[PDB]
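> Below you'll find input14.csv; it's CSV, C-alpha atoms and all ligand atoms.
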chain,number,residue,atom,x,y,z
S,1,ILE,CA,-10.2,-5.5,0.6
S,2,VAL,CA,-14.0,-5.7,1.6
S,3,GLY,CA,-16.9,-4.4,-0.6
S,4,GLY,CA,-14.4,-4.0,-3.5
S,5,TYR,CA,-14.3,-5.5,-7.0
S,6,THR,CA,-11.8,-7.4,-9.1
S,7,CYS,CA,-9.6,-4.8,-10.6
S,8,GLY,CA,-8.7,-6.9,-13.6
S,9,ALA,CA,-5.5,-8.6,-14.5
S,10,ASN,CA,-2.8,-5.9,-14.5
S,11,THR,CA,-5.1,-2.7,-14.3
S,12,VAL,CA,-3.1,-1.4,-11.3
S,13,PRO,CA,0.2,-1.9,-13.1
S,14,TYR,CA,2.2,-0.3,-10.3
S,15,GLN,CA,0.9,-2.8,-7.7
S,16,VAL,CA,3.5,-5.2,-6.1
S,17,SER,CA,3.2,-8.3,-3.9
S,18,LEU,CA,6.0,-8.8,-1.3
S,19,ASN,CA,6.6,-12.5,-0.8
S,20,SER,CA,8.8,-14.4,1.8
S,21,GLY,CA,7.5,-17.9,0.9
S,22,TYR,CA,4.0,-16.6,0.7
S,23,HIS,CA,2.3,-13.2,0.1
S,24,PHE,CA,2.5,-11.1,3.2
S,25,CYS,CA,2.2,-7.4,2.0
S,26,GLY,CA,1.6,-5.1,-0.9
S,27,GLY,CA,3.8,-2.3,-2.3
S,28,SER,CA,4.0,0.3,-5.1
S,29,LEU,CA,6.6,0.5,-7.8
S,30,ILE,CA,7.9,4.1,-7.9
S,31,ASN,CA,10.6,3.5,-10.7
S,32,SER,CA,12.4,0.5,-12.2
S,33,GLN,CA,14.5,-0.1,-9.2
S,34,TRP,CA,12.4,1.0,-6.1
S,35,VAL,CA,9.2,0.0,-4.3
S,36,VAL,CA,7.5,1.9,-1.3
S,37,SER,CA,5.6,-0.2,1.2
S,38,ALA,CA,4.8,0.0,4.9
S,39,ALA,CA,7.5,-0.2,7.5
S,40,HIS,CA,5.5,-2.8,9.4
S,41,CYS,CA,5.9,-5.0,6.4
S,42,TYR,CA,9.7,-5.1,7.0
S,43,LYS,CA,11.0,-8.7,6.8
S,44,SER,CA,14.4,-10.0,5.8
S,45,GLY,CA,14.2,-12.2,2.7
S,46,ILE,CA,11.7,-10.4,0.5
S,47,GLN,CA,11.0,-11.3,-3.1
S,48,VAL,CA,9.0,-8.7,-5.0
S,49,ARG,CA,6.5,-9.9,-7.6
S,50,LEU,CA,5.4,-7.5,-10.3
S,51,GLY,CA,2.6,-8.0,-13.0
S,52,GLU,CA,0.6,-10.1,-10.6
S,53,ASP,CA,-3.0,-10.8,-10.9
S,54,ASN,CA,-3.5,-14.2,-9.2
S,55,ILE,CA,-0.8,-14.7,-6.6
S,56,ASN,CA,-1.2,-18.5,-6.8
S,57,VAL,CA,-1.0,-18.9,-10.6
S,58,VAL,CA,2.0,-18.0,-12.9
S,59,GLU,CA,0.2,-16.6,-15.9
S,60,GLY,CA,3.2,-15.5,-17.8
S,61,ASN,CA,3.4,-11.7,-17.2
S,62,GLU,CA,5.3,-11.8,-13.9
S,63,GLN,CA,8.7,-10.6,-12.8
S,64,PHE,CA,9.9,-12.0,-9.5
S,65,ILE,CA,13.0,-10.0,-8.3
S,66,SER,CA,14.7,-10.2,-5.0
S,67,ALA,CA,15.2,-7.1,-2.9
S,68,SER,CA,18.8,-6.0,-2.4
S,69,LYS,CA,18.0,-3.7,0.5
S,70,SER,CA,15.2,-2.2,2.7
S,71,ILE,CA,15.1,1.2,4.4
S,72,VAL,CA,12.6,1.7,7.1
S,73,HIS,CA,11.8,5.4,7.9
S,74,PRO,CA,14.2,6.7,10.6
S,75,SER,CA,11.3,7.8,12.8
S,76,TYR,CA,9.1,4.7,12.4
S,77,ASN,CA,7.2,3.9,15.7
S,78,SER,CA,5.9,0.4,15.7
S,79,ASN,CA,3.7,1.1,18.6
S,80,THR,CA,1.8,4.0,17.1
S,81,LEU,CA,2.6,3.2,13.4
S,82,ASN,CA,3.5,6.8,13.0
S,83,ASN,CA,5.9,7.2,9.9
S,84,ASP,CA,4.9,3.7,8.6
S,85,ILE,CA,6.8,3.8,5.3
S,86,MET,CA,9.7,1.8,3.9
S,87,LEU,CA,11.7,1.7,0.6
S,88,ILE,CA,12.8,-1.6,-1.0
S,89,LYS,CA,15.4,-1.6,-3.7
S,90,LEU,CA,15.3,-4.3,-6.3
S,91,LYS,CA,18.5,-6.4,-7.1
S,92,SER,CA,17.7,-6.0,-10.8
S,93,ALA,CA,15.7,-3.4,-12.6
S,94,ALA,CA,12.1,-4.3,-13.5
S,95,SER,CA,11.3,-4.1,-17.3
S,96,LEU,CA,8.4,-1.6,-17.4
S,97,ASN,CA,5.6,-2.4,-19.8
S,98,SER,CA,1.8,-2.1,-20.0
S,99,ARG,CA,1.4,-4.5,-17.0
S,100,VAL,CA,4.4,-3.2,-14.9
S,101,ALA,CA,4.4,0.5,-14.6
S,102,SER,CA,5.6,2.9,-11.9
S,103,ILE,CA,3.2,5.4,-10.2
S,104,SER,CA,4.1,9.1,-9.7
S,105,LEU,CA,4.8,10.7,-6.3
S,106,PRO,CA,2.7,13.7,-5.4
S,107,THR,CA,3.6,17.4,-5.8
S,108,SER,CA,1.1,18.4,-3.1
S,109,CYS,CA,-1.2,16.6,-0.6
S,110,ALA,CA,-4.8,15.6,-1.7
S,111,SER,CA,-7.9,17.3,-0.1
S,112,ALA,CA,-10.7,15.5,1.8
S,113,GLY,CA,-13.4,14.5,-0.7
S,114,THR,CA,-10.9,13.3,-3.3
S,115,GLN,CA,-11.7,9.8,-4.6
S,116,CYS,CA,-8.8,7.4,-4.5
S,117,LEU,CA,-8.3,3.8,-5.6
S,118,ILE,CA,-7.1,1.3,-3.0
S,119,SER,CA,-5.9,-2.2,-4.2
S,120,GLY,CA,-4.4,-5.4,-2.9
S,121,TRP,CA,-4.9,-9.1,-2.2
S,122,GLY,CA,-6.2,-8.9,1.4
S,123,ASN,CA,-9.0,-10.5,3.4
S,124,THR,CA,-12.4,-9.7,1.9
S,125,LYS,CA,-14.6,-10.5,4.9
S,126,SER,CA,-15.1,-8.2,7.9
S,127,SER,CA,-16.4,-11.0,10.1
S,128,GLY,CA,-14.6,-14.0,8.5
S,129,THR,CA,-11.5,-14.9,6.7
S,130,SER,CA,-11.5,-15.2,2.9
S,131,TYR,CA,-8.2,-14.5,1.2
S,132,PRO,CA,-8.7,-13.9,-2.5
S,133,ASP,CA,-6.0,-14.8,-5.0
S,134,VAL,CA,-6.7,-12.1,-7.5
S,135,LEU,CA,-6.4,-8.4,-7.1
S,136,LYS,CA,-9.3,-6.4,-5.5
S,137,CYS,CA,-10.0,-2.7,-5.9
S,138,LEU,CA,-12.0,-0.2,-3.9
S,139,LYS,CA,-12.8,3.5,-4.9
S,140,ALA,CA,-13.1,5.5,-1.7
S,141,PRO,CA,-12.8,9.2,-0.8
S,142,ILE,CA,-10.4,10.8,1.7
S,143,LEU,CA,-12.3,11.7,4.8
S,144,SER,CA,-11.9,15.0,6.6
S,145,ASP,CA,-9.4,14.9,9.5
S,146,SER,CA,-12.3,15.6,11.9
S,147,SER,CA,-14.1,12.3,11.1
S,148,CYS,CA,-10.8,10.4,11.1
S,149,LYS,CA,-9.8,11.8,14.5
S,150,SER,CA,-13.2,11.2,16.1
S,151,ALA,CA,-13.0,7.5,15.1
S,152,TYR,CA,-9.5,7.1,16.6
S,153,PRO,CA,-9.0,9.7,19.5
S,154,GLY,CA,-5.3,10.4,20.3
S,155,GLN,CA,-4.2,8.0,17.6
S,156,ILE,CA,-4.0,10.1,14.3
S,157,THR,CA,-0.9,12.2,13.6
S,158,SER,CA,-0.2,14.6,10.8
S,159,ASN,CA,1.3,11.7,8.9
S,160,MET,CA,-1.9,9.8,8.5
S,161,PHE,CA,-5.3,10.2,6.8
S,162,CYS,CA,-8.4,8.1,6.7
S,163,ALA,CA,-10.4,7.0,3.7
S,164,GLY,CA,-13.4,4.8,3.3
S,165,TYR,CA,-17.0,5.0,4.3
S,166,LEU,CA,-18.1,5.5,7.9
S,167,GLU,CA,-21.2,3.4,7.3
S,168,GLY,CA,-18.6,0.6,7.0
S,169,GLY,CA,-19.1,-2.1,4.4
S,170,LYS,CA,-16.1,-1.1,2.3
S,171,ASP,CA,-12.4,-0.9,3.5
S,172,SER,CA,-8.9,-2.3,3.1
S,173,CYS,CA,-8.2,-5.3,5.5
S,174,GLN,CA,-5.2,-7.2,6.6
S,175,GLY,CA,-3.1,-8.8,4.0
S,176,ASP,CA,-3.5,-5.5,2.1
S,177,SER,CA,-0.9,-3.6,4.3
S,178,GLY,CA,1.8,-1.8,2.3
S,179,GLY,CA,-0.4,-1.3,-0.8
S,180,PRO,CA,-1.3,1.8,-2.7
S,181,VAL,CA,-3.9,4.5,-2.4
S,182,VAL,CA,-3.8,6.5,-5.7
S,183,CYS,CA,-5.8,9.7,-6.2
S,184,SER,CA,-5.6,11.7,-9.4
S,185,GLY,CA,-2.7,9.7,-10.7
S,186,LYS,CA,-0.4,10.1,-7.7
S,187,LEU,CA,0.5,7.8,-4.9
S,188,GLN,CA,-1.0,9.6,-1.9
S,189,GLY,CA,-1.2,6.7,0.7
S,190,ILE,CA,0.1,3.4,1.9
S,191,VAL,CA,-2.4,0.9,3.6
S,192,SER,CA,-1.2,1.1,7.3
S,193,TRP,CA,-3.9,0.2,9.9
S,194,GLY,CA,-7.6,0.2,10.7
S,195,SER,CA,-9.9,-1.1,13.5
S,196,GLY,CA,-10.7,-4.5,12.1
S,197,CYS,CA,-12.0,-4.1,8.6
S,198,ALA,CA,-15.1,-2.3,7.1
S,199,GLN,CA,-16.8,-1.6,10.5
S,200,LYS,CA,-19.1,1.3,10.9
S,201,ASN,CA,-17.3,4.5,12.1
S,202,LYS,CA,-13.9,2.7,11.7
S,203,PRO,CA,-12.3,3.8,8.4
S,204,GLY,CA,-8.8,2.6,7.3
S,205,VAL,CA,-5.8,4.7,8.2
S,206,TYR,CA,-3.1,5.4,5.6
S,207,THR,CA,0.5,6.7,5.7
S,208,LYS,CA,0.3,10.3,4.1
S,209,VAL,CA,3.0,10.0,1.4
S,210,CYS,CA,3.0,13.7,0.4
S,211,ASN,CA,4.8,14.3,3.8
S,212,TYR,CA,7.7,12.0,2.7
S,213,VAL,CA,8.5,13.0,-0.9
S,214,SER,CA,11.8,14.8,0.0
S,215,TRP,CA,12.9,11.7,2.1
S,216,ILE,CA,12.0,9.3,-0.6
S,217,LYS,CA,13.8,11.2,-3.3
S,218,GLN,CA,16.9,11.8,-1.2
S,219,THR,CA,17.1,8.3,0.0
S,220,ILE,CA,16.7,6.6,-3.4
S,221,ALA,CA,19.3,8.9,-4.9
S,222,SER,CA,21.8,8.0,-2.3
S,223,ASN,CA,21.3,4.2,-2.3
S,301,CA,CA,0.5,-14.9,-11.0
S,302,CL,CL,-1.8,-6.6,-0.7
S,303,ZN,ZN,-1.7,-8.3,1.0
S,304,ZN,ZN,-0.8,-4.7,8.9
Go ahead and render the structure in this file as structure tokens.

Amino acid sequence: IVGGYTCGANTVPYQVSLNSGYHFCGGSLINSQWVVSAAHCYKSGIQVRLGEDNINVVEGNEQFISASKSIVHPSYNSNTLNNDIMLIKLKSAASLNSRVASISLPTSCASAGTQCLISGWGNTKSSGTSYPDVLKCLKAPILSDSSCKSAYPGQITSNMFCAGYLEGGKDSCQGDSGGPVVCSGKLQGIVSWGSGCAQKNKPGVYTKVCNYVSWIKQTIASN
């Protein structure tokens, strides 16, 4: 995340780190047994780490559980990143406490202008590589579709929305993929792609979760 701040140890209690020997993506806990992340984060051999603050230091409040299965959205297109969402089931249930909590799924989509909180352990430099070890946060509004589509012509579908600042300066960045975008207490987005990080007129693009609630609910209930 670039132009963001240190959230604080466990202040985004629904934030997860996907690890396959190292941290490679973020995710959101939706209930004791399931995590939602980006389909482009699909890997075989995932370990989910909950209650994480510093990914390189075991400070006692962590839970490391292996994934029992992964379900990529049936219509995921790796070329356009359209329908970039995946569900991960935990082999054992997470013990929910003050530091490990689930986030709610939306009942309706959020309007442009709404302020959201984007978090993760990604790169913090636009022009440079600096990978932080503690969680970073960024408060950013949802942009109108018009400004999102002018920045990426022919690339935005109805399953994506942009958030950030057009001036640039603030944005999600690689590493952060699969992480949450929460607005008014609901998980409204998943970090999906962007043009580099924090550039001017290049906001981040997020998977629009409100369009997949029935698929999420139906799939978790059947698996
Ligand atoms: Ca840790
Ligand atoms: Cl992340
Ligand atoms: Zn990351
Ligand atoms: Zn990515």
> Kindly provide the residues of chain S that approach ligand CA 301 (chain S) to within 7 Å, each paired with its closest atom pair and their distance in Å to one decimal, based on only C-alpha atoms and all ligand atoms, listed by chain and increasing number, as JSON lines.

{"residue": "S:52", "atom": "CA", "partner": "S:CA301", "partner_atom": "CA", "distance": 4.8}
{"residue": "S:53", "atom": "CA", "partner": "S:CA301", "partner_atom": "CA", "distance": 5.4}
{"residue": "S:54", "atom": "CA", "partner": "S:CA301", "partner_atom": "CA", "distance": 4.4}
{"residue": "S:55", "atom": "CA", "partner": "S:CA301", "partner_atom": "CA", "distance": 4.6}
{"residue": "S:56", "atom": "CA", "partner": "S:CA301", "partner_atom": "CA", "distance": 5.8}
{"residue": "S:57", "atom": "CA", "partner": "S:CA301", "partner_atom": "CA", "distance": 4.3}
{"residue": "S:58", "atom": "CA", "partner": "S:CA301", "partner_atom": "CA", "distance": 3.9}
{"residue": "S:59", "atom": "CA", "partner": "S:CA301", "partner_atom": "CA", "distance": 5.2}
{"residue": "S:62", "atom": "CA", "partner": "S:CA301", "partner_atom": "CA", "distance": 6.4}
> What does the structure give for the distance between atom CA of residue S:150 and atom CA of residue S:202, in Å to one decimal?
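Interatomic distance, atom CA of residue S:150 to atom CA of residue S:202: 9.6 Å.
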> Smallest atom-to-atom distance to residue S:106: which of S:181, S:18, S:166, S:140, using all atoms listed in the file?
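Closest to residue S:106 of all the choices is S:181.
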> I'd like to know which of S:126, S:44, S:37, S:92 is closest to ligand ZN 304 (chain S), using only C-alpha atoms and all ligand atoms.
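Residue with the minimum atom-to-atom distance to ligand ZN 304 (chain S): S:37.
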> With all atoms listed in the file as the atoms that count, which of S:42, S:5, S:14, S:161 lies nearest to residue S:78?
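Of S:42, S:5, S:14, S:161, the one nearest residue S:78, counting all atoms listed in the file, is S:42.
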> If we count all atoms listed in the file and set the cut-off at 9 Å, which residues sit around residue S:200, ignoring sequence neighbours fewer than 4 positions away in its own chain? Please answer as a list in words.
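In the requested format, the answer is residues 165, 166, 167, 168 and 169 of chain S.
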> Could you list, as a ChimeraX atom specification, every residue within 7 Å of stretch 189-198 of chain S, counting all atoms listed in the file and ignoring same-chain residues fewer than 2 positions away?
/S:2,37-38,84,126,168-173,176-182,187,200,202-209
> Within 8 Å of ligand CL 302 (chain S), counting all atoms listed in the file, which protein or nucleic acid residues do you find, written as a compact mmCIF listing (two decimals) with C-alpha atoms, in the frame of the given file?

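Contents of the output file selection-v2.txt:
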# COMPACT_ATOMS: atom_id res chain seq x y z
CA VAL S 16 3.50 -5.20 -6.10
CA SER S 17 3.20 -8.30 -3.90
CA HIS S 23 2.30 -13.20 0.10
CA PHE S 24 2.50 -11.10 3.20
CA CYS S 25 2.20 -7.40 2.00
CA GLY S 26 1.60 -5.10 -0.90
CA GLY S 27 3.80 -2.30 -2.30
CA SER S 119 -5.90 -2.20 -4.20
CA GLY S 120 -4.40 -5.40 -2.90
CA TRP S 121 -4.90 -9.10 -2.20
CA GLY S 122 -6.20 -8.90 1.40
CA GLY S 175 -3.10 -8.80 4.00
CA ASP S 176 -3.50 -5.50 2.10
CA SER S 177 -0.90 -3.60 4.30
CA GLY S 178 1.80 -1.80 2.30
CA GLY S 179 -0.40 -1.30 -0.80
> Given all atoms listed in the file as the basis, pick out the residue of S:117, S:39, S:220, S:29 nearest to ligand ZN 304 (chain S).
S:39
> What is the distance, in Å and to one decimal place, between atom CA of residue S:214 and atom CA of residue S:31?
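Going from atom CA of residue S:214 over to atom CA of residue S:31, I get 15.6 Å.
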> Please indicate the distance in Å from atom CA of residue S:9 to atom CA of residue S:135, rounded to one decimal place.
7.5 Å
> Tell me which protein, DNA and RNA residues are within 10 Å of residue S:97, counting only C-alpha atoms, leaving out same-chain ones fewer than 4 positions away, and put them as a PDB file with C-alpha atoms, keeping the file's coordinate frame.

ATOM      1  CA  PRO S  13       0.200  -1.900 -13.100  1.00  0.00           C
ATOM      2  CA  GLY S  51       2.600  -8.000 -13.000  1.00  0.00           C
ATOM      3  CA  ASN S  61       3.400 -11.700 -17.200  1.00  0.00           C
ATOM      4  CA  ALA S 101       4.400   0.500 -14.600  1.00  0.00           C
ATOM      5  CA  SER S 102       5.600   2.900 -11.900  1.00  0.00           C
TER       6      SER S 102
END
> Between S:156, S:85, S:48, S:112, single out the one closest to ligand ZN 304 (chain S), counting only C-alpha atoms and all ligand atoms.
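Closest to ligand ZN 304 (chain S), using only C-alpha atoms and all ligand atoms: S:85.
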> Counting all atoms listed in the file, figure out which residue out of S:136, S:99, S:149, S:125 gets nearest to ligand ZN 303 (chain S).
S:136
> How big is the axis-aligned box around the listed atoms of stretch 10-16 of chain S once 3 Å is added on each side, and where is its centre? Give both in Å to one decimal, as AutoDock Vina command-line options.

--center_x -0.8 --center_y -3.1 --center_z -10.3 --size_x 14.6 --size_y 11.6 --size_z 14.4
